[PDB]
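Please read the structure below before turning to the comments.
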Amino acid sequence: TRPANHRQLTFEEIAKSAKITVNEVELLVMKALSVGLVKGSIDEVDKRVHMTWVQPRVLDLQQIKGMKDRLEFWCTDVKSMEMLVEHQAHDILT
Amino acid sequence: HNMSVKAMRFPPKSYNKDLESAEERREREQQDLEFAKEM
Amino acid sequence: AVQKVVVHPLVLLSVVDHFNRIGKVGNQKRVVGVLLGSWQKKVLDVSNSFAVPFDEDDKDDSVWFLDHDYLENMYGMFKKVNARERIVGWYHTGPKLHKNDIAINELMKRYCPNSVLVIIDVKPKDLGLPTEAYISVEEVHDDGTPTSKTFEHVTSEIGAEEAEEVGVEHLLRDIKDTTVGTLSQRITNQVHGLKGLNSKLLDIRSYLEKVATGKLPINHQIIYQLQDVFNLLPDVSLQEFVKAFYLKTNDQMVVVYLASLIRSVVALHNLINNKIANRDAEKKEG
Amino acid sequence: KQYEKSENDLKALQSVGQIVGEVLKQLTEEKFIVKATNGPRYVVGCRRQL
Amino acid sequence: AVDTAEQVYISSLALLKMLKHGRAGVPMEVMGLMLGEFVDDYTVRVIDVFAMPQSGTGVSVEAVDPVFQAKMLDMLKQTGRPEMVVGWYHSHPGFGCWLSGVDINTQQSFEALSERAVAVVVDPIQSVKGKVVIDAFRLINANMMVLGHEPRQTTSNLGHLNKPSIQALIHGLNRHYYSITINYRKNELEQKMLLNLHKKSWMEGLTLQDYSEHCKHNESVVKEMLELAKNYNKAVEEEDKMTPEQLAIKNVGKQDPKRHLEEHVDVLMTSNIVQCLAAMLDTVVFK
Amino acid sequence: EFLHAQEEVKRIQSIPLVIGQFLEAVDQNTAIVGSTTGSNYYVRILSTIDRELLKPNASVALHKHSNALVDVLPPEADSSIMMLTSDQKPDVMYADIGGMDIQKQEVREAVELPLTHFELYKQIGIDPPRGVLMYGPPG
Amino acid sequence: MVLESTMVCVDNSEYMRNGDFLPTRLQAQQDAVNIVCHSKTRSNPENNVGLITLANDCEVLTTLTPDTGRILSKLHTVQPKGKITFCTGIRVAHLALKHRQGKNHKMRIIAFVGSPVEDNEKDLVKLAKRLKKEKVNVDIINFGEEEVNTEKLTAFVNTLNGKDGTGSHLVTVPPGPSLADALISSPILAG
Ligand SMILES: [Zn+2]
């Protein structure tokens with residue numbers, strides 16, 4: 001759910017959404033890393049974890065609209081940056 | 001650098017005759033070559 | 001098991017001339033032939049080939065024919081003229097992956113264990129390499145059945161040879177974008193490679209043609225990889241990605257400044273070498 | 001049998017002799033350097049199967 | 001009669017067959033057959049070439065197996081299209097181009113069948129890029145040589161254009177045979193599909209080239225470039241001295257800083273700028 | 001067009017190559033070799049060779065007929081290749097020789113002590129010896 | 001001599017599996033093929049004889065060859081356990097006859113059906129009028145057990161020999177397990 005903006009959650013939030021206490025969530029997430037469904041790092045003092053890689057899931061015909069839209073401007077990024085190469089690098093090789 | 005390249009175009013002169021090898025030495029090469037093939 | 005393949009211009013033309021000598025059929029014919037070669041160090045090689053006679057009718061498009069007498073006699077002749085050369089697989093002319101090429105490979109798997117196919121081009125246009133090779137792989141899964149012999153494209157490239165480079169480069173004499181300074185990188189990959197990423201960008205857009213209108217398989221095995229793409233979007237320009245970038249650009253332009261610094265001194269010394277050639281020639285000759 | 005035992009000598013009189021040489025070192029895969037029991041040192045290649 | 005203006009058209013594939021089979025069996029004079037498309041008294045065309053396996057150990061042009069050229073002649077007959085045996089070849093390895101006394105006899109056996117069989121010499125070893133040395137020949141009549149009659153009746157300024165090699169002039173050349181001019185049949189269709197298909201880098205310039213060791217190698221040139229620049233602080237100081245042609249004959253034992261310097265300047269330049277720009281396209285294209 | 005003919009010159013350089021030795025040059029781009037056939041010759045060069053890769057007793061390559069310079073060679077010598085160091089030690093220790101302290105310590109000074117501690121011979125400058133002669137009754 | 005190319009279509013369908021037909025069904029039809037290829041071979045040497053089948057998998061067990069010893073080796077343990085597919089039999093026959101070294105040769109096929117067929121008579125009348133448009137004479141000989149009073153085959157040969165063709169025949173099976181050589185003694189004498 002969390003975007004690539006942060007995708008960094010806290011043990012207070014784990015204790016909120018899983019309603020399991022503070023001294024069990026570390027064993028839970030280390031078990032998750034030991035299984036390897038998730039790949040991330042553990043900070044203890046700021047009570048946050050930098051979860052990076054998730055186990056991939058399935059989705060319906062609605063999320064392909066969002067992946068379509070994220071594909072969409074990613075096309076014209078390549079168009080827009082490549083047009084500088086074609087325009088400016090034209091006189092080097094015809 | 002480029003101005004030291006554009007200003008380096010004032011010495012090029014008197015490059016008149018680019019003789020390949022010769023004419024008479026080419027003819028004697030044809031004569032001695034014809035003798036060596038004749039042998 | 002197979003790393004990559006090596007394709008020669010001799011076999012590359014050797015499909016095309018046969019395509020011309022069957023070119024009078026006009027209507028429809030794929031050029032199926034026997035691919036010959038070796039493989040060493042798990043690196044596939046293709047050096048020679050020929051083409052088996054082959055016809056196929058559109059109605060009941062599962063009726064194919066390979067003259068195995070033409071296989072055995074001509075391969076016996078090629079073994080006789082070259083015992084080093086042997087079978088390596090097969091090929092077909094490959095516009096768009098014909099259907100009988102699910103069991104052509106099964107028809108002649110008894111010759112080569114990795115009986116490889118090669119898809120070529122007869123109408124040459126792309127922004128890449130129009131050379132293709134799959135491999136036969138069967139893997140029963142939890143979303144189908146048993147017989148799952150699908151084809152998987154092993155990566156491909158045109159390999160060279162010291163024998164053939166002389167005659168091939170004689171057969172150009174036309175245009176050759178050598179003098180590799182920076183321009184060869186700038187054009188073969190900084191211009192060309194971005195348009196290489198254009199088509200691979202565009203291909204999943206062509207798959208995205210199933211939102212409500214396309215074919216029946218929805219997701220299953222297409223979205224873990226794309227989910228890993230958008231998972232694998234790189235880091236934004238805020239965290240430390242800026243700082244090490246200005247660090248190492250800040251180191252690279254030092255060396256660029258050194259080389260550009262010395263180059264002008266070189267040309268200056270040459271200009272001194274030219275004015276000595278001027279001033280002691282104008283008075284001497286007259 | 002008289003045509004065969006004499007037919008050995010028909011094609012048997014084509015084998016041209018070979019120079020006895022000695023390998024000095026190897027420059028590249030095809031560049032070899034030798035010297036015969038005669039005189040000067042040469043630069044030479046091999047068959048690609050040997 | 002012929003007009004010494006024959007102008008053999010050949011191919012694009014047959015030369016590749018000639019260099020491959022002539023190259024893989026290099027020290028033996030290998031050979032084979034030439035299955036072409038025969039045209040008029042003036043020109044002749046040869047589009048296809050199939051080789052022949054050897055007879056035994058020994059450098060020779062040898063013989064033919066008409067069983068093998070029979071079934072091999074009937075092999076592509078049932079699959080592709082029929083053609084006509086227009087000639088043949090052999091392969092001088094490191095020699096040049098002529099007809100040996102062995103070559104002229106098996107030539108003489110082949111002109112007897114068809115008078116326009118072609119003796120073809122390839123030499124794929126004295127060739128580098130713009131060289132093939134495909135000087136194909138054919139016999140001239142020693143009977144007419146005994147007659148003293150000069151043959152071949154030049155009616156066109158097309159024959160005496162190339163100049164013959166002195167080694168062929170040592171051999172038969174103009175006492176037993178004759179030279180033939182050739183060219184190459186090209187199209188559009190093959191030229192593009194070799195041009196776009198020879199050396200295409202896939203996604204290589206969209207990489208970073210060993211990001212620890214790009215700058216480390218950049219050090220690894222500059223470090224000795226310093227002392228080479230000390231040699232450039234050494235070699236200037238013998239100017240206004242003995243006649244710089246003496247500075248040309250004299251610098252044949254020890255290196256000059258000049259050419260060696262401008263080498264490394266170019267190497268560091270093209271080494272750095274490509275990695276610099278290629279490092280920066282990805283920051284825009286990738287998010 | 002120039003780059004086509006630029007590579008074209010090396011048809012002479014291909015396989016059937018004979019070996020001489022460089023002796024000296026008359027002038028720019030024309031020199032004198034000593035063939036391994038025994039006889040000396042006045043020969044021509046090939047242009048693309050770096051001329052600063054020559055001038056000692058350079059082993060050079062010669063064309064077998066035209067007899068001109070072709071290519072310079074990496075060095076090469078006869079059967080004494082380096083004493084191959086694996087199955088080549090005479091397996092003898094310093095303790096195997098008893099009662100030779102003066103001569104063993106002295107040749108220790110003579111050979112390998114300049115080989116390692118060269119900068120003391122350079123810095124004090126005592127002209128280290130070039131070669132050594134050793135002799136006596138046999139055994 | 002006369003230009004033809006003898007192409008037999010063997011029967012490795014599942015309805016030829018037992019040994020009620022004397023020695024073996026396979027051996028009876030096999031030796032029938034042997035003596036008719038002695039007849040066609042010893043009548044005309046310009047004939048290569050290959051064997052194809054009309055089963056589920058219509059394999060070219062023998063590529064079209066002028067020897068029958070390979071035909072012997074393949075018809076030995078030929079494994080006649082397979083579902084009949086005769087509708088692709090016409091395509092796998094005539095397309096192979098278009099693969100031949102000489103189409104100047106007369107297109108002659110014999111076909112062996114010792115099995116109940118599950119074709120459409122519309123399909124074999126499309127292929128039958130196709131053979132009317134392709135000038136091929138086929139004498140289909142029937143073996144084994146079958147749908148007796150052969151279903152769609154009389155309509156097939158009837159829609160084959162029409163329009164002045166009238167030289168093709170249908171040898172239906174006599175349902176007695178006898179020696180099949182006398183059963184095939186008619187087309188070897190007159191096709
Ligand atoms: Zn020869």
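Each chain in the structure tokens gets a letter, A, B and so on, in the order shown; residues start at 1 in every chain, and ligands are counted from 1 in the order they appear.
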Throw together the list of residues within 7 Å of ligand 1, counting only C-alpha atoms and all ligand atoms, and drop it here as a VMD selection string. chain E and resid 29 90 to 92 98 to 100 103
Would you write out those residues with N, CA and C atoms, as a PDB file, in the first residue's frame?
```pdb
ATOM      1  N   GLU E  29      45.886 -27.521 -51.158  1.00  0.00           N
ATOM      2  CA  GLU E  29      45.211 -26.831 -52.248  1.00  0.00           C
ATOM      3  C   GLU E  29      43.821 -27.426 -52.420  1.00  0.00           C
ATOM      4  N   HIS E  90      40.452 -23.944 -57.532  1.00  0.00           N
ATOM      5  CA  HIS E  90      41.318 -24.499 -56.505  1.00  0.00           C
ATOM      6  C   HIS E  90      41.785 -23.341 -55.635  1.00  0.00           C
ATOM      7  N   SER E  91      42.785 -23.592 -54.793  1.00  0.00           N
ATOM      8  CA  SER E  91      43.166 -22.595 -53.795  1.00  0.00           C
ATOM      9  C   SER E  91      44.675 -22.645 -53.583  1.00  0.00           C
ATOM     10  N   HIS E  92      45.397 -21.741 -54.234  1.00  0.00           N
ATOM     11  CA  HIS E  92      46.767 -21.479 -53.823  1.00  0.00           C
ATOM     12  C   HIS E  92      46.740 -20.879 -52.422  1.00  0.00           C
ATOM     13  N   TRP E  98      48.126 -18.319 -60.471  1.00  0.00           N
ATOM     14  CA  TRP E  98      48.526 -18.795 -61.789  1.00  0.00           C
ATOM     15  C   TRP E  98      47.913 -20.171 -62.006  1.00  0.00           C
ATOM     16  N   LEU E  99      48.381 -20.855 -63.042  1.00  0.00           N
ATOM     17  CA  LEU E  99      48.027 -22.241 -63.308  1.00  0.00           C
ATOM     18  C   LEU E  99      49.287 -23.080 -63.186  1.00  0.00           C
ATOM     19  N   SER E 100      49.256 -24.080 -62.314  1.00  0.00           N
ATOM     20  CA  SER E 100      50.380 -24.995 -62.264  1.00  0.00           C
ATOM     21  C   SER E 100      50.275 -26.003 -63.402  1.00  0.00           C
ATOM     22  N   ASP E 103      47.495 -28.000 -62.369  1.00  0.00           N
ATOM     23  CA  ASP E 103      46.238 -27.279 -62.537  1.00  0.00           C
ATOM     24  C   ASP E 103      45.804 -27.247 -63.997  1.00  0.00           C
TER      25      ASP E 103
END
```
Starting from chain D, keep only residues with some atom at most 8 Å from an atom of chain E, counting only C-alpha atoms, and report them as a ChimeraX atom specification. /D:14-16,47-48
Need the shell around stretch 32-34 of chain D: protein/DNA/RNA residues with any atom at most 6 Å away, counting only C-alpha atoms. Skip same-chain ones fewer than 2 positions apart. Format as JSON, numbers by chain? {"D": [22, 23, 24, 25, 26, 27, 41, 42, 43, 44, 45]}
Dump as a JSON list (two decimals), in the first residue's frame, selection limited to N, CA and C atoms:
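Wrote out16.json, looks like this:
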```
[["chain", "number", "residue", "atom", "x", "y", "z"],
["D", 22, "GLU", "N", 61.64, -27.38, -35.78],
["D", 22, "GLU", "CA", 61.66, -27.35, -34.33],
["D", 22, "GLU", "C", 61.00, -26.06, -33.85],
["D", 23, "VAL", "N", 60.10, -26.20, -32.88],
["D", 23, "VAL", "CA", 59.29, -25.09, -32.41],
["D", 23, "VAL", "C", 60.07, -24.28, -31.39],
["D", 24, "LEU", "N", 60.17, -22.97, -31.63],
["D", 24, "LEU", "CA", 60.89, -22.09, -30.72],
["D", 24, "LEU", "C", 59.98, -21.56, -29.62],
["D", 25, "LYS", "N", 58.95, -20.81, -29.99],
["D", 25, "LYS", "CA", 57.88, -20.43, -29.07],
["D", 25, "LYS", "C", 56.62, -20.17, -29.88],
["D", 26, "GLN", "N", 55.61, -19.61, -29.23],
["D", 26, "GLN", "CA", 54.31, -19.37, -29.83],
["D", 26, "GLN", "C", 53.90, -17.94, -29.57],
["D", 27, "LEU", "N", 53.72, -17.16, -30.63],
["D", 27, "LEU", "CA", 53.40, -15.75, -30.46],
["D", 27, "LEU", "C", 51.92, -15.56, -30.14],
["D", 41, "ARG", "N", 65.63, -18.73, -39.15],
["D", 41, "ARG", "CA", 64.43, -18.84, -38.35],
["D", 41, "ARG", "C", 63.25, -18.24, -39.11],
["D", 42, "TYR", "N", 62.10, -18.89, -39.01],
["D", 42, "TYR", "CA", 60.93, -18.52, -39.80],
["D", 42, "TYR", "C", 59.75, -18.18, -38.90],
["D", 43, "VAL", "N", 58.73, -17.58, -39.51],
["D", 43, "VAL", "CA", 57.44, -17.34, -38.88],
["D", 43, "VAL", "C", 56.41, -18.14, -39.65],
["D", 44, "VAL", "N", 55.54, -18.84, -38.94],
["D", 44, "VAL", "CA", 54.81, -19.96, -39.52],
["D", 44, "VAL", "C", 53.49, -20.12, -38.78],
["D", 45, "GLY", "N", 52.53, -20.77, -39.45],
["D", 45, "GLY", "CA", 51.27, -21.16, -38.86],
["D", 45, "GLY", "C", 51.05, -22.66, -38.95]]
```
Please, which residues of chain F lie no more than 8 Å from chain D when the count uses only C-alpha atoms, and can they be set out as a list in words?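 Residues of chain F within 8 Å of chain D, counting only C-alpha atoms: residues 15, 16, 17, 18, 19, 35, 36, 37, 76 and 78 of chain F.
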May I have the residues from that selection written out with N, CA, C and O atoms, as a compact mmCIF listing (two decimals), in the first residue's frame?
```txt
# COMPACT_ATOMS: atom_id res chain seq x y z
N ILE F 15 51.60 -14.56 -43.71
CA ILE F 15 52.26 -15.71 -43.10
C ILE F 15 53.74 -15.91 -43.43
O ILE F 15 54.54 -16.04 -42.49
N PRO F 16 54.20 -15.93 -44.72
CA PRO F 16 55.43 -16.71 -44.95
C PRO F 16 56.69 -15.89 -44.67
O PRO F 16 57.46 -15.50 -45.55
N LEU F 17 56.94 -15.67 -43.40
CA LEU F 17 57.75 -14.55 -42.94
C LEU F 17 59.08 -15.06 -42.40
O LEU F 17 59.11 -15.95 -41.55
N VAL F 18 60.18 -14.48 -42.89
CA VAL F 18 61.51 -14.87 -42.45
C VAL F 18 62.05 -13.79 -41.52
O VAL F 18 61.54 -12.68 -41.46
N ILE F 19 63.11 -14.14 -40.79
CA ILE F 19 63.54 -13.38 -39.63
C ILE F 19 64.99 -12.96 -39.81
O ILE F 19 65.85 -13.78 -40.12
N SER F 35 70.35 -10.82 -41.93
CA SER F 35 69.47 -11.97 -42.02
C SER F 35 70.04 -13.16 -41.27
O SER F 35 71.25 -13.32 -41.12
N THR F 36 69.14 -14.02 -40.82
CA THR F 36 69.52 -15.29 -40.23
C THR F 36 69.91 -16.33 -41.28
O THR F 36 70.26 -17.45 -40.91
N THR F 37 69.87 -15.97 -42.56
CA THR F 37 70.56 -16.73 -43.60
C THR F 37 72.05 -16.46 -43.61
O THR F 37 72.78 -17.14 -44.34
N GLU F 76 63.14 -13.32 -27.78
CA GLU F 76 63.14 -14.77 -27.93
C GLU F 76 64.59 -15.24 -27.85
O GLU F 76 65.50 -14.55 -28.32
N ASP F 78 67.14 -19.18 -27.12
CA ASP F 78 67.27 -20.61 -27.32
C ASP F 78 66.99 -21.32 -25.99
O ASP F 78 66.42 -20.72 -25.07
```
Would you mind listing, as a PDB file with C-alpha atoms, in the first residue's frame, all residues of chain C that have at least one atom within 12 Å of chain G, where only C-alpha atoms are what counts?
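Wrote it out as result_5.pdb, contents follow:
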```pdb
ATOM      1  CA  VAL C  52      14.871 -28.910 -46.777  1.00  0.00           C
ATOM      2  CA  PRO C  53      11.991 -28.904 -49.311  1.00  0.00           C
ATOM      3  CA  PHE C  54       8.812 -27.984 -47.490  1.00  0.00           C
ATOM      4  CA  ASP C  55       5.181 -27.341 -48.395  1.00  0.00           C
ATOM      5  CA  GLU C  56       2.194 -26.664 -46.174  1.00  0.00           C
ATOM      6  CA  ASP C  57      -1.470 -25.974 -46.905  1.00  0.00           C
ATOM      7  CA  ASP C  58      -3.569 -23.487 -44.958  1.00  0.00           C
ATOM      8  CA  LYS C  59      -6.592 -25.722 -44.373  1.00  0.00           C
ATOM      9  CA  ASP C  60      -5.719 -28.209 -41.609  1.00  0.00           C
ATOM     10  CA  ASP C  61      -2.484 -26.366 -40.899  1.00  0.00           C
ATOM     11  CA  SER C  62      -0.799 -29.288 -39.106  1.00  0.00           C
ATOM     12  CA  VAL C  63       0.433 -31.219 -42.144  1.00  0.00           C
ATOM     13  CA  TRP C  64       4.167 -30.703 -42.596  1.00  0.00           C
ATOM     14  CA  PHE C  65       6.819 -32.627 -44.501  1.00  0.00           C
ATOM     15  CA  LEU C  66      10.579 -33.009 -44.186  1.00  0.00           C
ATOM     16  CA  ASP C  67      12.344 -35.196 -46.753  1.00  0.00           C
ATOM     17  CA  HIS C  68      14.591 -37.164 -44.417  1.00  0.00           C
ATOM     18  CA  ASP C  69      16.330 -38.705 -47.428  1.00  0.00           C
ATOM     19  CA  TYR C  70      17.323 -35.145 -48.351  1.00  0.00           C
ATOM     20  CA  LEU C  71      18.350 -34.757 -44.711  1.00  0.00           C
ATOM     21  CA  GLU C  72      20.508 -37.880 -44.469  1.00  0.00           C
ATOM     22  CA  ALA C 103       6.422 -29.948 -33.476  1.00  0.00           C
ATOM     23  CA  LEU C 107       9.924 -33.972 -35.355  1.00  0.00           C
TER      24      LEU C 107
END
```
Quick one: which residues from chain F are at most 12 Å off chain C, using only C-alpha atoms, as a list in words?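 So the contacting residues turn out to be residues 1, 2, 3, 4, 5, 7, 8 and 11 of chain F.
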With C-alpha atoms retained, write the just-selected residues as a tab-separated table (two decimals), in the first residue's frame.
```
chain	number	residue	atom	x	y	z
F	1	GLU	CA	39.20	6.83	-48.90
F	2	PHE	CA	42.47	7.21	-46.99
F	3	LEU	CA	41.47	4.79	-44.24
F	4	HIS	CA	40.76	2.11	-46.85
F	5	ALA	CA	44.29	2.23	-48.23
F	7	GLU	CA	44.95	-0.86	-43.72
F	8	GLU	CA	45.53	-2.15	-47.26
F	11	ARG	CA	49.13	-7.82	-47.41
```
Identify, on the basis of only C-alpha atoms, every residue whose closest approach to stretch 70-83 of chain A does not exceed 9 Å; exclude the query and any residue fewer than 3 positions from it along the same chain; express the result as an MDAnalysis selection string. (chainID A and resid 65:67 86:88) or (chainID C and resid 190:191 194:195 197:198 201:202 204:205 230) or (chainID E and resid 281 284:287)
Take the residues that were just selected and, keeping C-alpha atoms, output them as a PDB file, in the first residue's frame.
```
ATOM      1  CA  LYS A  65      -5.085   1.409 -15.337  1.00  0.00           C
ATOM      2  CA  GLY A  66      -2.693   2.827 -12.752  1.00  0.00           C
ATOM      3  CA  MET A  67       0.245   0.958 -14.247  1.00  0.00           C
ATOM      4  CA  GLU A  86      18.472  13.967 -31.678  1.00  0.00           C
ATOM      5  CA  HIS A  87      18.293  17.748 -31.881  1.00  0.00           C
ATOM      6  CA  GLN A  88      21.596  18.713 -30.299  1.00  0.00           C
TER       7      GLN A  88
ATOM      8  CA  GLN C 190      23.182   7.218 -26.955  1.00  0.00           C
ATOM      9  CA  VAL C 191      21.025   7.877 -30.002  1.00  0.00           C
ATOM     10  CA  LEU C 194      17.299   5.059 -26.270  1.00  0.00           C
ATOM     11  CA  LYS C 195      15.171   4.107 -29.258  1.00  0.00           C
ATOM     12  CA  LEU C 197      14.313   1.327 -24.949  1.00  0.00           C
ATOM     13  CA  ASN C 198      11.465   2.893 -26.955  1.00  0.00           C
ATOM     14  CA  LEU C 201       8.684   0.441 -23.549  1.00  0.00           C
ATOM     15  CA  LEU C 202       6.110   0.077 -26.326  1.00  0.00           C
ATOM     16  CA  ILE C 204       4.123  -3.774 -22.663  1.00  0.00           C
ATOM     17  CA  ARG C 205       1.911  -0.993 -23.994  1.00  0.00           C
ATOM     18  CA  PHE C 230       7.589  -0.305 -10.633  1.00  0.00           C
TER      19      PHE C 230
ATOM     20  CA  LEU E 281      20.909  10.262 -19.225  1.00  0.00           C
ATOM     21  CA  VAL E 284      16.338  11.712 -16.314  1.00  0.00           C
ATOM     22  CA  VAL E 285      15.125   8.591 -18.128  1.00  0.00           C
ATOM     23  CA  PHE E 286      14.997   6.535 -14.925  1.00  0.00           C
ATOM     24  CA  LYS E 287      12.626   8.655 -12.791  1.00  0.00           C
TER      25      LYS E 287
END
```
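Excluding stretch 163-179 of chain G and any residue on its chain fewer than 5 positions from it, the residues at most 6 Å away by only C-alpha atoms are residues 20, 21, 137, 138, 139, 140, 141, 142 and 143 of chain G.
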Output file for the selection above: N, CA and C atoms, as a short mmCIF file (atom, residue, chain, number, x, y, z; two decimals), in the first residue's frame:
```cif
data_model
loop_
_atom_site.label_atom_id
_atom_site.label_comp_id
_atom_site.auth_asym_id
_atom_site.auth_seq_id
_atom_site.Cartn_x
_atom_site.Cartn_y
_atom_site.Cartn_z
N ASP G 20 -6.76 -62.07 -35.96
CA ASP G 20 -7.86 -62.85 -36.48
C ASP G 20 -7.69 -63.08 -37.97
N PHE G 21 -7.05 -62.13 -38.64
CA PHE G 21 -6.80 -62.24 -40.07
C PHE G 21 -5.55 -63.08 -40.31
N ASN G 137 -5.87 -40.62 -59.30
CA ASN G 137 -6.62 -41.87 -59.29
C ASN G 137 -6.16 -42.72 -58.10
N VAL G 138 -7.09 -43.02 -57.20
CA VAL G 138 -6.81 -43.76 -55.97
C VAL G 138 -7.76 -44.95 -55.90
N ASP G 139 -7.21 -46.13 -55.66
CA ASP G 139 -7.99 -47.33 -55.38
C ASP G 139 -7.84 -47.64 -53.89
N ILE G 140 -8.85 -47.29 -53.11
CA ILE G 140 -8.82 -47.54 -51.67
C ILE G 140 -9.21 -48.99 -51.42
N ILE G 141 -8.34 -49.72 -50.73
CA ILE G 141 -8.57 -51.12 -50.38
C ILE G 141 -8.88 -51.19 -48.89
N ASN G 142 -9.94 -51.91 -48.54
CA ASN G 142 -10.41 -51.97 -47.17
C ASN G 142 -10.03 -53.29 -46.52
N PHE G 143 -9.71 -53.21 -45.23
CA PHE G 143 -9.18 -54.31 -44.43
C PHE G 143 -10.05 -54.50 -43.19
#
```
Residues within 8 Å of residue A:47, please, as a count of residues only. Count only C-alpha atoms; anything in the same chain fewer than 5 positions from it doesn't count. 3
Hey, could you make a per-residue contact list for chain E against chain F with 12 Å as the cut-off, showing the nearest pair of atoms and its distance in Å to one decimal, counting only C-alpha atoms, sorted by chain and number, as a tab-separated table?
```
residue	atom	partner	partner_atom	distance
E:26	CA	F:15	CA	11.5
E:27	CA	F:15	CA	11.4
E:93	CA	F:15	CA	10.0
E:94	CA	F:16	CA	7.4
E:95	CA	F:16	CA	9.7
E:96	CA	F:11	CA	11.4
E:123	CA	F:11	CA	11.5
E:124	CA	F:14	CA	10.7
E:125	CA	F:14	CA	7.0
E:126	CA	F:11	CA	5.3
E:127	CA	F:11	CA	6.1
E:128	CA	F:11	CA	6.2
E:129	CA	F:8	CA	6.8
E:130	CA	F:8	CA	6.7
E:131	CA	F:8	CA	8.0
E:132	CA	F:11	CA	10.7
E:133	CA	F:11	CA	11.1
E:167	CA	F:65	CA	11.1
E:244	CA	F:28	CA	11.5
E:245	CA	F:28	CA	8.0
E:246	CA	F:27	CA	9.0
E:247	CA	F:28	CA	10.3
E:248	CA	F:28	CA	6.9
E:249	CA	F:28	CA	5.6
E:250	CA	F:28	CA	9.3
E:251	CA	F:52	CA	6.4
E:252	CA	F:52	CA	4.2
E:253	CA	F:52	CA	4.8
E:254	CA	F:52	CA	5.4
E:255	CA	F:52	CA	5.5
E:256	CA	F:52	CA	7.8
E:257	CA	F:52	CA	11.3
E:259	CA	F:50	CA	10.5
E:260	CA	F:50	CA	10.9
```
For residue B:34: contacts at 12 Å, only C-alpha atoms, fewer than 5 positions along chain excluded, given as a ChimeraX atom specification: /B:26-29,39 /E:164-170
Could you write out that same residue set with C-alpha atoms as a PDB file, in the first residue's frame?
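The result, stored in selection-v7.pdb:
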```
ATOM      1  CA  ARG B  26      60.032   1.905 -63.410  1.00  0.00           C
ATOM      2  CA  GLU B  27      60.996   1.075 -67.002  1.00  0.00           C
ATOM      3  CA  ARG B  28      64.194  -0.660 -65.871  1.00  0.00           C
ATOM      4  CA  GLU B  29      62.108  -2.460 -63.256  1.00  0.00           C
ATOM      5  CA  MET B  39      64.436 -16.914 -66.780  1.00  0.00           C
TER       6      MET B  39
ATOM      7  CA  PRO E 164      49.526  -8.688 -64.119  1.00  0.00           C
ATOM      8  CA  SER E 165      51.593 -10.009 -61.258  1.00  0.00           C
ATOM      9  CA  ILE E 166      55.228 -10.803 -61.891  1.00  0.00           C
ATOM     10  CA  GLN E 167      54.808 -14.290 -60.394  1.00  0.00           C
ATOM     11  CA  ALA E 168      52.066 -15.151 -62.863  1.00  0.00           C
ATOM     12  CA  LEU E 169      54.353 -13.695 -65.504  1.00  0.00           C
ATOM     13  CA  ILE E 170      56.975 -16.180 -64.280  1.00  0.00           C
TER      14      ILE E 170
END
```
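Put simply, atom CA of residue C:38 is 6.4 Å away from atom CA of residue C:86.
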Which is closest to residue G:115 among G:38, G:129, G:70, G:83, if we use only C-alpha atoms?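 Ranked by minimum distance to residue G:115, first place goes to G:83.
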Run DSSP on the backbone and give me the residues of chain D it puts in helix (DSSP H, G or I), as a count of residues only. 8
Show me, as a PyMOL selection string, the residues of chain E whose atoms get within 8 Å of chain C, using only C-alpha atoms for the distance check. chain E and resi 12-13+15-17+19-20+23+51-54+72+75+79-81+124+127-132+189-206+215+218+258+262+265-266+268-270+272-274+276+278+286-287
Using atom CA of residue G:41 and atom CA of residue G:135 as the two end points, give the distance in Å to one decimal.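 We find that atom CA of residue G:41 and atom CA of residue G:135 lie 22.8 Å from each other.
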